[PDB]
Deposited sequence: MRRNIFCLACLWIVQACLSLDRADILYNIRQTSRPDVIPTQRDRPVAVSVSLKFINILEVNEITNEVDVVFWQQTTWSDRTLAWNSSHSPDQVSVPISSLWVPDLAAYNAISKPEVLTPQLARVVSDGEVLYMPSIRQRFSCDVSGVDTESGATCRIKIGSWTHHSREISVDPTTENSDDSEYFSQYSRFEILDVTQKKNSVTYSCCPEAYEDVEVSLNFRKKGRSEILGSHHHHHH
């Protein structure tokens, strides 16, 4: 199989509307934010404008091919794939995707999608001009799929990709799993809570 055949097969049999659940178990989605820049911070309004790489991984076995005498991986437009319906609960702007909308698909059906996103958030900016800094929390989960359909887990240096030219610096990033049941609904929804501890440079 060459690249042309694999990408033809995916384009022709891609059900992008269809969550790829196996034997009624949830799709395991891994999510990790790599912070690249903090552009605007407002301690009065408690708003931040951030650029991050949203590292997103999951398995879709319908994509898989035999890798013997074939590529191990191909680049696929996300319009030809199912992608998790992830949303940031405290976003106050739409995600601005800065990068080409391609994912990497491995021959075993693993998908890696990592867009660069600029987005604005409502979060705690208090203490940004102090030594211990501000802690801005961002919650990301499936908008419509509960824990029996999608599970979200943080992935396996917090400032390795962060811009040296930002007015801000990162003290710490922690990424932890939450499972929440709301009054509306009988089912639990999973989320990754990302805590960005940052401060103004002196």
(message) Give me the ranges of the deposited sequence that have no CA atoms here, in sequence order.
(response) 1-19, 176-178, 225-237
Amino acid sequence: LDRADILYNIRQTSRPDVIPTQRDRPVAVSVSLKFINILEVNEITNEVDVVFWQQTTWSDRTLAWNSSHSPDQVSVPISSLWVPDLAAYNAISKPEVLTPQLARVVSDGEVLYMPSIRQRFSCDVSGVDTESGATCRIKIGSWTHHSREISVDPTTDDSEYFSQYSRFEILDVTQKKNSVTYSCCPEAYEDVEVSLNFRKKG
From here on, numbers count along this sequence of modelled residues.
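The term rigid core refers to the most C-alpha atoms you can superpose between the two forms while keeping them within 1.5 Å.
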(request) Please pick 75-83 or 123-131, whichever has its Cα atoms farther from the shown form in 7 other deposited structures of this protein after a rigid core fit. (result) 123-131
(message) Stretch 6-14 versus stretch 190-198: after rigid core alignment, which one is farther off in C-alpha RMS in 7 other deposited structures of this protein?
(response) 6-14
(message) So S142 is built in this one, but is it left out in a third or more of the other compared PDB entries that include its neighbours?
(response) no
(request) Answer yes if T156 is missing coordinates in at least a third of the other compared entries, and no if every one of them models it. (result) yes
(request) Could you check the entry and say whether 11-19 or 179-187 has the higher mean CA B-factor? (result) 179-187
(message) So, looking at the entry's B-factor column for Cα atoms, which has the higher mean, 97-105 or 124-132?
(response) 124-132
(request) Would you mind finding, among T156, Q55, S142, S59, the residue with the largest C-alpha temperature factor in the entry? (result) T156
(request) Going by the recorded CA B-factors, say which third of the chain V152 sits in, lowest, middle or highest. (result) highest
(request) Consider only the C-alpha atoms of the modelled residues in this chain, order them by B-factor as the entry records it, and name the third containing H146: lowest, middle or highest. (result) lowest
(request) Report the third (lowest, middle or highest) to which the CA temperature factor of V27 belongs, ranking only the modelled residues of the same chain. (result) lowest
